[PDB]
Structures are given as C-alpha cells and as structure tokens.
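# Structural characterization, general
Take a look at the letters that make up each chain.
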Amino acid sequence: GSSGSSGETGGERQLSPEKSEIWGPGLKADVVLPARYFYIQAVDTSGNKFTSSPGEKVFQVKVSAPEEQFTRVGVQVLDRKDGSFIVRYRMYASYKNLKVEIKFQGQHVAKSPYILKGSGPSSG
C-alpha cells in the first residue's frame, strides 16, 4: 500500500533557528541530580518571539557523550505552554559529560553542540 499528503501555507513570519534562544537549568554549573529539561523558544528572522503553536514535532534534541558512546537516549518533546516547549530524557548509566545538540530541518538553533565539563574552575 501507499499514500500521500498535502499542505499549503504562507504569510506568517520567517521562523529562524539561529535566532531562537535556548535557556534552562541544563546549561548551568550545578545541574539537577537525575535529569534536566530546557525550554525552546521559536524566534523569527526579526528576533521576535513566536509565542504560537508551530506543530507537534518541529524541534528535536540530540544527547550523546564525547567519552561514552552507544547511549540510547529517548528524548521526547511535548508542548506545555502556548509558545514554549519542554525537553525530557531518561538515562540509566553514568553521566559525567553529555553533548547537547539542537537542530531544525538541518539548521542549528543554538550554539550547539554544548560541551559542559570541569566543575567550574579547571585550569587552576
């Protein structure tokens, strides 16, 4: 069997990933013990907040450690607010350093990946 789909649109602002800002308790020094979750705000080319509902599956998140490999991370994106989203993930293995990667249709949203290693001060 086989089928197809369709959908037209236009006029709306120009959703821009680069602009979109990614903030949360994840990109911090003292993160949560178990798992953390950050928010993803959709911004246009004019640096304006979409504060709207784009769709169900529009933004994705990748989780993988530079030292440890073969990490089956099942991240799920759910629309909590009428503009922002929540990113949750589960892991049953040692977590020393992870790499956050956010992309949109082949376009990086934030300054990813994100390398977070070394308790604050290191050089010293």
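Look above for the structure.
What follows covers the overall build of the chain. The helix and strand tally for the chain stands at zero helices and seven strands. N-terminal to C-terminal, the α/β element order of the chain is β-β-β-β-β-β-β. Taken over the C-alpha atoms alone, the chain extends approximately 55 × 45 × 25 Å along its principal axes. Out of the 124 residues belonging to the chain, those deemed buried represent 27%. On the chain, roughly 9300 Å² of surface is accessible, and the fraction owed to carbon and sulfur atoms is 46%.

The next subject is the sheet that holds strand β7 (residues 114-115). With antiparallel pairing, the three strands of this open sheet are ordered in space as β3-β6-β7. Both edges of this open sheet fall to β3 (60-64) and β7, since each of them pairs with a single strand only. Alignment of β3 against strand β6 (residues 99-103), held across five bridges, turns out to be antiparallel. Looking across to β6, one finds that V61 is bridged to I102.

This part covers the nonpolar core. Residues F38, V61 and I102 are the most contacted members of the largest nonpolar core, which totals 20 residues. Elements that contribute at least two residues to this core include exactly β3 and β6. For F38, the residues in contact, after removing those within four places along its chain, are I22, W23, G24, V61, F85, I86, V87, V100 and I102.

This next bit is on the side chain of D44. Its place among the elements puts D44 in strand β2 (residues 43-44). No salt bridge is formed by the buried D44; the nearest opposite charge belongs to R13, separated by 5.4 Å. Once residues lying within four places of it in the same chain are set aside, the contact partners of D44 are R13, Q14, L15, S16, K19, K49 and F50.

Another aspect to go through is the pairing of β6. Across two bridges, the pairing between β6 and β7 is antiparallel. Across the sheet, residue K99 finds its bridge partner in β7, namely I115.

So, about the pattern of salt bridges. Side chains carrying opposite charge are able to pair once their charged atoms draw close together. In total, this model carries two salt bridges according to the counting rule given. The salt bridge partner of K103 is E101, with a shortest N-O separation of 3.5 Å.

Note on placement: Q60 falls in strand β3. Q60 sits 16 residues away from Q76 along the chain, and the two C-alpha atoms are 8.3 Å apart. Filtering out sequence-adjacent residues up to four positions away, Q60 remains in contact with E101, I102 and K103.

Bringing the packing of aromatic side chains into the picture now. In this structure the tally under the stated criterion is two aromatic pairs. Residues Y37 and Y39 carry aromatic rings whose centres are separated by 5.8 Å and whose planes lie at 65 degrees to one another, so their mutual orientation is edge-to-face. Ring geometry for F59 and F104: centres 5.4 Å apart, planes at 45 degrees, overall tilted. With a gap of 45 residues between them, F59 in the loop between β2 and β3 and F104 in the loop between β6 and β7 connect regions that are remote in the sequence.

The rules we used
- Residues numbered from 1 in each chain as written, not as in the entry; some residues may be left out.
- Heavy atoms only, no water.
- Helix = DSSP H or I, 4+ residues; strand = E, 2+ residues; numbered from the N terminus.
- Buried < 20%, exposed > 50% of the residue type's maximum accessible area, 1.4 Å probe, protein only.
- Areas by Shrake-Rupley, 256 points an atom, 1.4 Å probe, with all protein chains shown as cover.
- Pairing = 2+ DSSP bridges.
- Core = buried A, V, L, I, M, F, W, Y, C linked by side-chain atoms within 4.5 Å.
- Contact = heavy atoms within 4.5 Å.
- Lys, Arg positive; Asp, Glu negative; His and termini not counted.
- Salt bridge = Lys/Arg side-chain N within 4 Å of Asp/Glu carboxyl O.
- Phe/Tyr/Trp six-rings, centres within 6.5 Å; stacked < 30°, edge-to-face > 60°.

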